[PDB]
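Participant: Let me give you the structure first, and then I'll get to my questions.
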Amino acid sequence: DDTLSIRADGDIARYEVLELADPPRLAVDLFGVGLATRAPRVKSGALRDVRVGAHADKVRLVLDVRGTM
């Protein structure tokens, strides 16, 4: 209730975090990562929900929110 913690364990990482609105979202981009089946352990950290993808970079994690953070 005080705060939800999202933990990503790996060798890296360079990251960037930013916000989006309509709907309110928090987005993290991780570099030096290729998307993998372990991405599902990500379900632990939603966020109304969490979606993850990649575009020949660079993985993007998107957290829809239930309240301003």
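Chain labels run A, B, ... following the order of the structure tokens; each chain numbers its residues from 1, and ligands are numbered from 1 in the order shown.
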Residues within 12 Å of residue 38 in chain A, please, as a ChimeraX atom specification. Count only C-alpha atoms; anything in the same chain fewer than 5 positions from it doesn't count.

Facilitator: /A:8-10,33,43-44,52

Participant: Within 12 Å of residue 12 in chain A, counting only C-alpha atoms, which residues qualify if same-chain residues fewer than 5 places away don't, as a list in words?

Facilitator: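 With the cut-off at 12 Å, the set is residues 30, 31, 32, 33, 34 and 58 of chain A.
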
Participant: Just C-alpha atoms for this one: save the residues we selected as a PDB file, in the first residue's frame.

Facilitator:
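Output file selection-v6.pdb follows:
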ATOM      1  CA  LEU A  30      16.075  -1.371 -20.713  1.00  0.00           C
ATOM      2  CA  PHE A  31      19.121  -1.657 -22.938  1.00  0.00           C
ATOM      3  CA  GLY A  32      21.431  -4.559 -23.688  1.00  0.00           C
ATOM      4  CA  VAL A  33      18.393  -6.855 -23.265  1.00  0.00           C
ATOM      5  CA  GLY A  34      16.709  -9.262 -25.601  1.00  0.00           C
ATOM      6  CA  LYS A  58      15.788  -2.354 -26.177  1.00  0.00           C
TER       7      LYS A  58
END

Participant: When you count only C-alpha atoms, which of these residues is closest to residue 49 in chain A: A:21, A:63, A:36, A:27?

Facilitator: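 When distances to residue 49 in chain A are compared using only C-alpha atoms, the smallest one comes from A:63.
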
Participant: Write out as a list in words which residues come within 6 Å of residue 62 in chain A when counting only C-alpha atoms, dropping same-chain ones fewer than 5 positions away.

Facilitator: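 Selected residues are residues 26, 27, 50 and 51 of chain A.
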
Participant: Output the selection as a tab-separated table (two decimals), in the first residue's frame - C-alpha atoms for each residue.

Facilitator:
chain	number	residue	atom	x	y	z
A	26	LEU	CA	5.02	4.51	-16.17
A	27	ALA	CA	7.43	3.22	-18.82
A	50	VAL	CA	2.17	-4.49	-17.22
A	51	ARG	CA	3.03	-5.06	-20.88

Participant: Among chain A, which residues carry a DSSP assignment of strand (DSSP E), reported as an mmCIF file with C-alpha atoms, in the first residue's frame?

Facilitator:
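Written out: result_28.cif:
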data_model
loop_
_atom_site.group_PDB
_atom_site.id
_atom_site.type_symbol
_atom_site.label_atom_id
_atom_site.label_comp_id
_atom_site.auth_asym_id
_atom_site.auth_seq_id
_atom_site.Cartn_x
_atom_site.Cartn_y
_atom_site.Cartn_z
ATOM 1 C CA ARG A 14 21.156 1.001 -18.697
ATOM 2 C CA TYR A 15 17.577 2.219 -18.393
ATOM 3 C CA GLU A 16 15.342 5.251 -18.844
ATOM 4 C CA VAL A 17 12.063 5.841 -17.004
ATOM 5 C CA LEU A 18 9.294 8.236 -18.040
ATOM 6 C CA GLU A 19 5.540 8.865 -17.689
ATOM 7 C CA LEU A 20 2.549 8.819 -20.069
ATOM 8 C CA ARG A 25 1.415 4.957 -17.243
ATOM 9 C CA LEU A 26 5.023 4.511 -16.172
ATOM 10 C CA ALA A 27 7.432 3.219 -18.824
ATOM 11 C CA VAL A 28 10.920 1.760 -18.423
ATOM 12 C CA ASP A 29 13.276 1.092 -21.333
ATOM 13 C CA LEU A 30 16.075 -1.371 -20.713
ATOM 14 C CA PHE A 31 19.121 -1.657 -22.938
ATOM 15 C CA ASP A 49 -1.317 -4.214 -15.766
ATOM 16 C CA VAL A 50 2.169 -4.488 -17.216
ATOM 17 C CA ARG A 51 3.029 -5.057 -20.882
ATOM 18 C CA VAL A 52 6.501 -5.716 -22.277
ATOM 19 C CA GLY A 53 7.943 -5.669 -25.811
ATOM 20 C CA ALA A 54 11.047 -4.970 -27.898
ATOM 21 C CA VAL A 59 12.959 -3.742 -24.135
ATOM 22 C CA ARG A 60 10.089 -1.507 -23.045
ATOM 23 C CA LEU A 61 8.096 -2.178 -19.897
ATOM 24 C CA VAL A 62 4.785 -0.343 -19.571
ATOM 25 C CA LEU A 63 2.853 -0.045 -16.279
ATOM 26 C CA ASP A 64 -0.693 1.167 -16.422
#

Participant: Please determine, counting only C-alpha atoms, which residue among A:11, A:41, A:6, A:47 has the shortest atom-to-atom distance to residue 68 in chain A.

Facilitator: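 The shortest atom-to-atom distance to residue 68 in chain A comes from A:47.
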
Participant: From the options A:37, A:13, A:7, A:46, which residue's atoms come nearest to residue 65 in chain A, counting only C-alpha atoms?

Facilitator: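 Ranked by minimum distance to residue 65 in chain A, first place goes to A:46.
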
Participant: Expressed in Å to a single decimal, how great is the separation between CA of residue 56 in chain A and CA of residue 22 in chain A?

Facilitator: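 Distance reported for this atom pair: 26.5 Å.
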